Structures are given as structure tokens and as C-alpha cells.
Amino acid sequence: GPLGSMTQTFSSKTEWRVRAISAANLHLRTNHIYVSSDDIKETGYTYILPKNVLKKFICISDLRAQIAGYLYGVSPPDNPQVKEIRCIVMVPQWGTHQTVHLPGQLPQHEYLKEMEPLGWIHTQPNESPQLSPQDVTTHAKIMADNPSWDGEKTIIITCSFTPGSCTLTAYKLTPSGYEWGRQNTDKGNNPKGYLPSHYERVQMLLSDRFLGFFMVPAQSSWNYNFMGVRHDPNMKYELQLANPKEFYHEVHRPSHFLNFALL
């Protein structure tokens, strides 16, 4: 009965600190990256992902809050069945462990005009046998708002944090998947009507033969996970040819610095 015997004082232990410490160890996983062997084995297109931008994408990420990048690339000269991913575009965004929130506006930049959009890559805390329904919905609503996203050519690459490593798997929607996802308003983990026939695996290969590059916003950075109120589905942004800042870089969390300074 410690009304006046034992009294202790609460000492704040904020969670982003543990997450920032663990984000500093992400480089170790870039040496142990695994691609899944496709169950479909044939879906017309084989996607080739350059390792340099993949490793950077892992390094700038976080183990709880999903991040996403947009995929751009082309076919090798005389081989239209292969899609080489040449660019990953980072746009203003925030996430949770279950999904990413991106603007309505798709990347627009002259420097990308000779490339075609190939979909998106996003990190995931845990591996999973199936494509998330959040992902099916996200991809179907992008498709419905943007006719340049061909259902037969745009993919979701999931990058899952397996212990000590990263495991990559690539998917595409089916027509039924597009139809279900574009009308789905249920954000939970088991929305009515979701089925595994809404997607199929695609062949993906990591390559050291060529290098990809990044584009990032012209006027901000891409990470809004600490400035959520300033992120809006309608926000507009331009892009520049530069490499993205890591998740916990100072410019992504100004208020940590200022609020300490007021203490």
C-alpha cells in the first residue's frame, strides 16, 4: 500500500529511438538478399532489378514503417520479354506496418519519359505466402487513376525483413484482382471478397551487370513519417536526379531537434 511508502517516477522511453538504433544496422542485410523462386514460372515478363538501388532502398528504410518506391525501366534492345528496372523514384510518403500512403500524382519528369512505369517496390516487416489485400487495393486504384499502368506489365515487389536478411518476391494483378481492388474500401486485413486468384507471381532476378539510379523530390525529402500532418493525398511535387536520404536523417525529423532545444 504505497500511498507514501514507495513512489517511483515515470521516465519516458520513446519508441522511435529503438527503431532508429535498429535502422542503423540495416546495411548488414544488404549482403543477404534472397529472391523467391516463382510458383508461376511463366508470366511473359522477367524483371531484372539492379542490386545497387535495391541495397540503397533497404538502407534508407525502417523495420516497422513501410516505405515504397516507384519502378521505371525498359526492355533490353532485342528482348521484349525482359524488363530491366533502371530507376526507383522516391516521392513524399508515410507508412505503417501494413501499407504505404503515396500522393495521387505519379512521377512526372522529362528524364523518365523514355522509360516505362513498371509498378512499385515496398518493404514489409514480415514475409507472407500471399500478396497483401492492402497491396492489391493500392495497385488497383493506381491503375484505375493512371492508364499508363498496364495490368500485364506492372508489378509489386515486396522486400520482407527475414531474420538477418531480406527476401524479395514479385507479383502482378489479374483482371479479377484489378476489378476487386479498385472498388475495395475496407482497409483491414480481411476485407470481403479478397481471393488469391487476384494476383500471380512473376519472375524476378537480381543483377550486378548494370546500375540503376534514384530520383527524389525537388523541394523536400521523401520521408514524411514524422511530419504526417504536412503530407496530403493531393500534394504535388517535382523531382530531381539525386540519391535519397536514409530514414532517420536529421531533415526527416526536425521536431526532435527543435523540441530538445526547447528543453
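In this text, rigid core is short for the largest set of C-alphas that superpose within 1.5 Å between two forms. When you see a residue number, it is the position in the sequence shown, counting from 1.
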query	finding
Greater root mean square CA deviation, 30-38 compared with 226-234 in 6 other deposited structures of this protein, core aligned	30-38
83-91 set against 189-197, stretch whose average Cα temperature factor tops the other in the entry	189-197
Residue range whose averaged C-alpha B-factor is higher in the record, 11-19 or 248-256	11-19
Candidate set 217, 212, 69, 44 [ranked by C-alpha B-factor, highest]	44
Options 165, 148, 124, 154 - largest CA temperature factor per the record	165
Among modelled residues of the same chain, the CA temperature factor third for residue 34	highest
Among modelled residues of the same chain, the CA temperature factor third for residue 204	highest
Position of residue 77 among the chain's modelled residues by C-alpha B-factor, lowest, middle or highest third	highest
Residue 105 - which third its CA temperature factor falls in, relative to the rest of the chain	lowest
Third of the chain's Cα B-factor distribution that residue 236 belongs to, per the entry	middle
